[PDB]
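One structure below.
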Amino acid sequence: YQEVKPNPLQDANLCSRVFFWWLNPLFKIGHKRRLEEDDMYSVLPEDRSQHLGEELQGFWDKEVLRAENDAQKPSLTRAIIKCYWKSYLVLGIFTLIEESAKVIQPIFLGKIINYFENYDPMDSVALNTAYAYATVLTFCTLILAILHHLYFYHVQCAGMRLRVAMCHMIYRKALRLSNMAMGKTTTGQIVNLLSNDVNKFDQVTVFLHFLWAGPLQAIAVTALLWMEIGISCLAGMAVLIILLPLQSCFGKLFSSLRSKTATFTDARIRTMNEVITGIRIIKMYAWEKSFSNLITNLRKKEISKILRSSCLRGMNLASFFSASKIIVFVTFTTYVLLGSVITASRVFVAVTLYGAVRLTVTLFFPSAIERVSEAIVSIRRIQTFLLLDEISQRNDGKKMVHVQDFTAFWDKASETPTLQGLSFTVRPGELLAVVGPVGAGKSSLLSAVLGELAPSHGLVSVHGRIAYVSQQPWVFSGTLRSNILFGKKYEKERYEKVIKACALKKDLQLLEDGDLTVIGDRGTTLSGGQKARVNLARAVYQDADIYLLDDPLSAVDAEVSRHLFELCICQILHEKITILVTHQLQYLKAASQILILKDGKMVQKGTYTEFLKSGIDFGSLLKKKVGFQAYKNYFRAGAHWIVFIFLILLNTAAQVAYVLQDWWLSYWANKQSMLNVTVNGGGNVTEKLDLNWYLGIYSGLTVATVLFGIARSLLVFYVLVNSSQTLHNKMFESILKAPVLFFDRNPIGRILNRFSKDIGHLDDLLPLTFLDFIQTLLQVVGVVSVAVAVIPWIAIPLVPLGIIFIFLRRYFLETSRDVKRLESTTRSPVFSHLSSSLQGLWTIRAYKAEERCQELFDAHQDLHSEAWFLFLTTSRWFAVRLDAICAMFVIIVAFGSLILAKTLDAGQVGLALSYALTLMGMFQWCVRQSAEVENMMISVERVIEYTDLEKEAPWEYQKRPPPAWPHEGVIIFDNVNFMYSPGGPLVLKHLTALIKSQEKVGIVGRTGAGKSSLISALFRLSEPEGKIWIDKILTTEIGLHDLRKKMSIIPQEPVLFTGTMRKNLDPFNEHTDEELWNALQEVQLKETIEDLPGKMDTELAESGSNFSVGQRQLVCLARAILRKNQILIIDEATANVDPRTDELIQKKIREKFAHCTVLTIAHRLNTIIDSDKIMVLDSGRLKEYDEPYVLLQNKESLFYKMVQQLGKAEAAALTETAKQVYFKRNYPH
Ligand SMILES: CC1=C(CC(=O)O)c2cc(F)ccc2/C1=C\c1ccc([S@@](C)=O)cc1
């Protein structure tokens, strides 16, 4: 724990805490360089982990008394409520002064609105009394703008505290476990409910306080608007009592979808895994045509079901913007029809109020109804999880282990105990050998000695420290030295002695950094034997009194195991209590005592000498930023630019019809009080405005908004869902015809991440974010336009703010990237701290180390908590500097309009002031959407980068051979060379061979000599060098499928694909069922398939797991027989094959392929000596090419040495059958 740079919040006043002035050095540092983990600030030292964990644990433990004294029901929510209710109302007085300054504001606006109607003479007194009204209006909006971010931050800070308090108490509980219950459950859920049950706490507390502040406004504004003109206020409210349950009937219908189409988007990704894991095998089968139709058919229902909710979800965003002119149209058409007058002093006072009461329950109060059950469903689960059960508390100087009549049960449901009357006593210096069959109860006996097994009968006594090693090598994250120490002090001499006695010198010499290299989970880098070795070394390093070994020597070979035994067990622990368990009887001669277990009963206990005189046999008992190019490419991939121009025109004439909609309200108000009032003084006229002319125009103009909203929110979605439909087809038909070399570079994990993650982000998340930005940007351009097209004196003092705003954005959006990247880096150093501890906790509590289990977890919690405050206080710095340019524009539009009194007639005064009052609140939401768009735009690169992959050659080229090809198969190799990569190491070096008609020529060589490369060049897997001539026709002039369909191959690893056997044997349905049945009877697999009810349509599992390797080899042989090709190739098909089915396959290929040219490559020499000629390949070069018998006469040959290497009798039988077939072929008479 280093004294890093603390937070300056403690040395700051209230002004710098509100304005976030203490973030200047951090921004200055992040602007000039890159921020790292060593540049973060510390959290408040008041409650890091312990003051938040123990305070919550105390109340929960005290609640147990109030639950046991009555014994009715346990409650966990009560402990949470009685803990934070002490300070919850101190923050509830801030929601009463701030949320109430939005109702008095229209009251003050109306007092200035109705002032210009009496300024005929000089009335400075009336201006003197209005100066206060024009000052309170601009003074009230200051608190409403600069006193909201602090409250938001103070509310958001309460969530992370509860999250940390819940995450701290969930780990200390899993140290008093109930293993039988742990065995009943699965460890895949305890670590799982840690990334989803803590994120909801940071959101519910934000809108939870609006519950009692919501309906209050719906009464206050209701009364203030009923005190208006009259009872005509009910028609406008009648709409927003049915508009609320109207959007809830759409969600229920949407819930039927987006859950039904998951049987088409989760069925192709899994199938792609089967076809992409073996492209090396599927490429040379000419089966891409039979498999492309499967994915094409599946890609015929996803988009068709997506565009049945793409409209239902797009019509919802077109109503939220159009509902601002329906509540205003109805309330006036029922007020003008009753008979009254129209003045500008009773219009904007209610129009502005028509939004504050609207955006309170429509968007601000669904969350306090929907985000409550999600934050209460986890509480009724965590409580039950933490209240499962607990364990029973348990604890002459002579160190000894005494066991007398021990009898215990693993589970109470078992009728037969695993241990039946075990009685044995060991002493310091004796070696107790534990041997027995698999499952006799040795490991359970060691666990009982450790005390992990609950004793039902008998008593055990242990005196001293116990060092136990499990059968499965357990290891935690850390270096080798830290793993061996396990909290102990580092002693150079002792460490060297343990390393020498346990033989880690070769392992440290082979590894680069020695014992200082960090090891991940499970120790994947080191082999299991090395893990067992380092575990034994750590166990013996503890210098304990009792040692229990659970098979630590079986994970290595004989020599090293004897080494470790004779140098550690016989020498180091010759004075300690050792109870070792081994299955090898070679180490029982050095053991002082041998105890045998069988079915839980103690057979015999004694030394190795007593077992010898008894005549008992041990063997018998053991046998059973984004550039414009990407945007242009995404815009041009949807359709022609004409639809984009039409959409721009539609948007222009859907935005121009929104500002002009209120122009009629001003034209009607500036005509009623113009000359129609002069009836008593100023004139005498009884005429009035024509009701059948203004109302009709208003109705014809207000219908030009809903009709221009459905045809404006149903084209962008279609374009964006059609572009993704054509960008995927040009990315899938160019990944199956790729070279094999490309697949060997990228792994399977990095090649499957471009078809599941960034394949659906451009369908739902991209359009919903892109449409919400283009409809918000046109909404802010109409607010500055109405303030300049009225008073042409505001455009001059407007360029400094515009210049400041552009420089402020690219001063903040160049540093928040590092803050968000560092948080995600140290986001989860928890999951790999418990997943590797809950699987091997059987020894974490047998060392009395519970003290060093919480301090390590708290260290990883602080590292993550010190990175969340930095991100939470960062967003509150740009939002306090963006509200300072919006709280200045309102003052310069009021004071500049008040000085021009004798220029207007309150019309422009009302218009320009009713539009610049709602700017604060909508100018900050547009910036977050643009940032999200810019952040989600770097994701779409791989879908467009994989669209220009090179190809080798078309499947067919030209001038297919006449229907007489192929023939007997005279193969002529004329200086052919093969290379897996262009310019890489050459594999074949001038191979020249002549294969005659109907001859059996086989390939033999060591591993890596080039056996597979020969068949790879023969099947034209890669373009080879030279001239390879088959059937007197060059293979380069013939297409790939025309060559691959006329040749059959039996690979080394028989890979079978899922589906029916009909498609596996004949995917093109070119053969009849009778031929398939005849082939299956000839391969002798007809009886093994008749027992299944789906003989012709068995649903075969992945990779042929339902059948053995021999059955798969027979299936491939039947496939090659059904192919009826004149060229057969076998490469290591009989290496892992039992001798019976091996000789069966040999007889089958000798009977059916007698007139066919076969290429037999096998590792066993018994399946090659019966061939006509053999090819011994060495380092890619051929050495001898002749019959097997004439080669054996030369003792200096290589194949003779390989034959003699298998033994004397084997080589004798081999040369005997070789001479036999030689005399049979070359001398028939
Ligand atoms: C600050 C704020 C938040 C916090 C958040 O982002 O979670 C928010 C959350 C929502 F679900 C919806 C809206 C808002 C919002 C301000 C705001 C709301 C509406 C408008 S109107 C123009 O649609 C303008 C601004």
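Read in order, the letters of the sequence shown correspond to residues 5 to 399, 405 to 633, 695 to 1299 in the deposited numbering.
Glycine included, C-beta positions come from ideal geometry on N, C-alpha and C.
Nonlocal neighbours in the same chain, by C-beta distance under 6 Å from residue i, ignoring five residues either side
i, result
"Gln1181", "none"
"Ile273", "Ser826"
"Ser902", "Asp530"
"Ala442", "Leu597, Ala600, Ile603"
"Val889", "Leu940, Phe941, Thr944"
"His934", "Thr896"
Three-state secondary structure (DSSP) of residue i
i, result
"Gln909", "coil"
"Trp483", "coil"
"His466", "strand"
"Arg1251", "strand"
"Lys607", "strand"
"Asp522", "coil"
"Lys506", "helix"
"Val1260", "helix"
"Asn544", "helix"
"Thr388", "helix"
"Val443", "strand"
"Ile969", "coil"
"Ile330", "coil"
"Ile383", "helix"
Near ligand 1: residue i beta-carbon under 7 Å from a heavy atom
i, result
"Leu363", "yes"
"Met990", "no"
"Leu367", "yes"
"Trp995", "yes"
Contact set for residue i: own chain, Cβ-Cβ below 7 Å, skip 5 residues either direction
i, result
"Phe705", "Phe714"
"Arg436", "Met409"
"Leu797", "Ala707, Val1013"
"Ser465", "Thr416, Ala417, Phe418"
"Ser371", "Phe211"
"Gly450", "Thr427, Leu428, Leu606, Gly609"
"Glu1069", "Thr1227, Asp1242, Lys1243"
Cross-strand partners of residue i (DSSP beta bridge)
i, result
"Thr190", "Beta-bridge pairing links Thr190 to no other residue."
"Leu1170", "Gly1129"
"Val1246", "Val1074"
"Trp1099", "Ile1042, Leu1104"
"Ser1118", "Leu1198"
"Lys614", "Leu604"
"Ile844", "None, per the DSSP bridge assignment."
"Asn1047", "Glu1095"
"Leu557", "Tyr477, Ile588"
"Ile1065", "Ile1041"
"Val412", "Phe433, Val469"
"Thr1230", "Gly1072, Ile1200"
"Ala417", "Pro464"
Neighbourhood of residue i by C-beta, 8 Å cutoff - its chain only, sequence neighbours within 5 removed
i, result
"residue 403", "It's not possible to place residue 403 here, given that the chain moves directly from 399 to 405."
* Segments assigned alpha helix (DSSP H), at least 4 residues, entirely inside the segment 62 to 144 -> 81 to 88, 98 to 101, 108 to 117
* To do: Jot down the residue ranges of each uninterrupted beta strand (DSSP E) in the segment 266 to 303, minimum 3 residues, whole runs only, in chain order.
  => none
* Asked: Hey, which unbroken runs of the beta strand (DSSP E) at 3 residues or more fall wholly within the segment 210 to 241?
  -> none
* Please go through the segment 795 to 871 and give each complete alpha helix (DSSP H) segment of 4 or more residues, from N-terminal end onward. => 799 to 802, 810 to 815, 836 to 855
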